Ligand SMILES: *CC(=O)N1CC[C@@]2(CCN(S(=O)(=O)c3ccc(Br)c(F)c3)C2)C1
Ligand SMILES: *CC(=O)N1CC[C@@]2(CCN(S(=O)(=O)c3ccc(Br)c(F)c3)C2)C1
Ligand SMILES: [Cl-]
Ligand SMILES: [Cl-]
Ligand SMILES: [Mg+2]
Ligand SMILES: [Mg+2]
Ligand SMILES: [Mg+2]
Ligand SMILES: [Mg+2]
Ligand SMILES: [Mg+2]
Ligand SMILES: [Mg+2]
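Chains as they are written, first to last, in the entry's author numbering: chain P, 255 to 264; chain P', 255 to 264; chain A, -4 to 71, 77 to 231; chain A', -4 to 71, 77 to 231. A prime marks a further copy of an entry chain.
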């Protein structure tokens, strides 16, 4: 499982 | 709601 | 032309990798290169061709529908929505033109088994139908008749050569009925074609094939979904 | 260059339409054209730039990861998997090179508010990090240090200029900690950065902003998800 980075929003 | 056509598979 | 230096087998292999990677524009380019080698395509390979181009044009149709809805709401005030809708439309037409060109130049033949002939004529009907979704003027009449003629030739062959549960025969009839309902403005023809297709598949349900029955029964359910929506 | 004849406002408008249509390659091209007008980008407009290129490179990274896994399994026998992985890799590097070029040529400035300066330096760290995911040789050292330096400059500014709940400060720290864990092979630094960031946001939770608190609390949860995965 990969680390989670900042996602896209709005 | 649109009619449904043949989908992609496999 | 870009694919001319690659071996056919490598193009097929790369189309399968592109499918796995969800790179459908690449997978369509690889399959176009394979078609251009001038050899027939197997049932597996026709599926690769079909999946790639349907994904590509599917995303374009979805985008075109979003932009067209925005355009129609803004008509009910700059040129930007229309310009960008025209942009996406031109790209969609180019992809349909590419597919129809491959069908005419390479794939549609007098010989071959029924599956191949029906499948390619069905494909021709589909991509003319996609052109008809965005057409308007003198072009629109020409396109609509071209779709109908391709579907009709495919139906004549499928009814003579194929069991009524054959998934290509079913998918063709499903798509022809969508043509009738959404493009030709003939709901009666769409309903009667979809009902006849479903009932005739059910009456001869024993003709389901071990290797494709899941596909057949999926299309049968989609015929019934459309019949429920249209009634 | 392709966008040079279009007005800035029309490029922004079209980027928003492309987002609605899920046409992210178009929306990145429109935003590149807007950046090339040479005016600063608002917070709304930076979001458009960010969303477009992240979607484009995100699909390329996802594809690259699929192909690389297939390549590594086949090494544990033709050239096709490697050739196609190299194809996707070259396209990914080109997109990162495009973004980094826009940052260096147009966007990263000494002036501007803290949000803009931190955001662009964060972006530079991210796209060097994406290059580092696929790098190998003498290039890989250069890229990894470039990512770290950009992240570090962004952190110094965010800690001096921004509340500890600011969503850009949080997203930067989240992404820097991913860099530490996944790229720099420094799990201790990743864990301590993510924990410090989370705890300091919680200690000063009253600094949440009415217009961005949902973004802040989302990143806080993602920091805690990573901390749970890493411990
Ligand atoms: C053997 C052969 O020529 N085939 C089978 C697959 C294709 C590619 C798609 N067509 S289709 O459009 O007729 C079709 C698609 C999906 C489903 Br569930 C279906 F039953 C038919 C057949 C190539
Ligand atoms: C005001 C401003 O410059 N902004 C806010 C949006 C962006 C575009 C994305 N960044 S981010 O990467 O810092 C970020 C993304 C998602 C989330 Br939930 C977040 F908190 C930050 C900020 C442009
Ligand atoms: Cl346009
Ligand atoms: Cl390749
Ligand atoms: Mg040879
Ligand atoms: Mg008015
Ligand atoms: Mg047009
Ligand atoms: Mg002007
Ligand atoms: Mg061996
Ligand atoms: Mg390379």
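Ideal Cβ positions, reconstructed from N, Cα and C, are used throughout, including at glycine.
Sequence-ordered contacts of the segment 118 to 129 of chain A with chain A' are nonexistent [C-beta pairs closer than 9 Å].
Under the criterion of beta carbons closer than 8 Å, residue 31(A) and residue 106(A) qualify as touching, at roughly 7 Å. Residue 18(A): not part of any alpha helix (DSSP H); DSSP gives it neither H nor E. Within the segment 156 to 217 of chain A', the runs of alpha helix (DSSP H) at least 4 residues long that lie entirely inside it are, in chain order, 167 to 178, 187 to 203. For residue 84(A'), the closest Cβ of chain A is nearer than 9 Å.
A contact is defined here as three or more CB-CB pairs under 8 Å, and the segment 14 to 24 of chain A' meets this definition with respect to the segment 41 to 50 of chain A'.
Within the segment 1 to 16 of chain A, contact with chain A' at the beta-carbon level (separation under 8 Å) is assigned to 5, 8, 9, 12, 13, 15, 16.
Here residue 204(A) is exposed. Its C-beta has fewer than 16 other C-beta atoms within 10 Å. Rounded to whole angstroms, residue 108(A) and residue 129(A') show a C-alpha spacing of 48 Å. Residue 180(A) sits buried, since 16 or more C-beta atoms from the chains shown fall within 10 Å of its C-beta. Taking one beta carbon from each stretch, the segment 21 to 28 of chain A and the segment 82 to 90 of chain A have fewer than 3 pairs nearer than 8 Å; the two do not touch. Using a Cβ distance threshold of 9 Å, residue 197(A) and residue 174(A) count as a contacting pair. For residue 81(A'), the residues of chain A that pass the 9 Å Cβ criterion are 8, 9, 12, in the order they occur in the chain.
The Cβ atoms of residue 225(A) and residue 259(P') lie no closer than 9 Å to each other.
Where residue 60(A') is concerned, the enclosing alpha helix (DSSP H) starts and stops at 38 to 68. Short note on residue 30(A'): C-beta not closer than 8 Å to any heavy atom of ligand 2. Per DSSP, the unbroken alpha helix (DSSP H) holding residue 116(A') starts and ends at 114 to 133. Residue environment for residue 216(A'): buried (at least 16 other C-beta atoms within 10 angstroms of its C-beta). Straight across, the Cα-Cα distance linking residue 163(A) with residue 59(A) is about 37 Å. Each of 165(A), 195(A), 166(A) was checked against the Cα of residue 178(A), and the nearest Cα belongs to 195(A). In this structure, the C-beta of residue 260(P') approaches ligand 1 to less than 8 Å from one of its heavy atoms. Interface residue (Cβ-Cβ distance to chain P less than 9 Å): residue 213(A') is not classified as such.
C-alpha of residue 8(A') to C-alpha of residue 210(A): approximately 53 Å in a straight line.
With respect to chain P', the C-beta atom of residue 166(A) has no partner C-beta closer than 9 Å. For residue 145(A), the closest of 131(A), 158(A), 157(A), 220(A) by C-alpha to C-alpha distance is 131(A).
Assigned with DSSP and collapsed to three states, residue 110(A') falls in coil, not helix or strand. Taking a 10 Å sphere around the C-beta of residue 202(A'), we find fewer than 16 other C-beta atoms and assign the residue as exposed.
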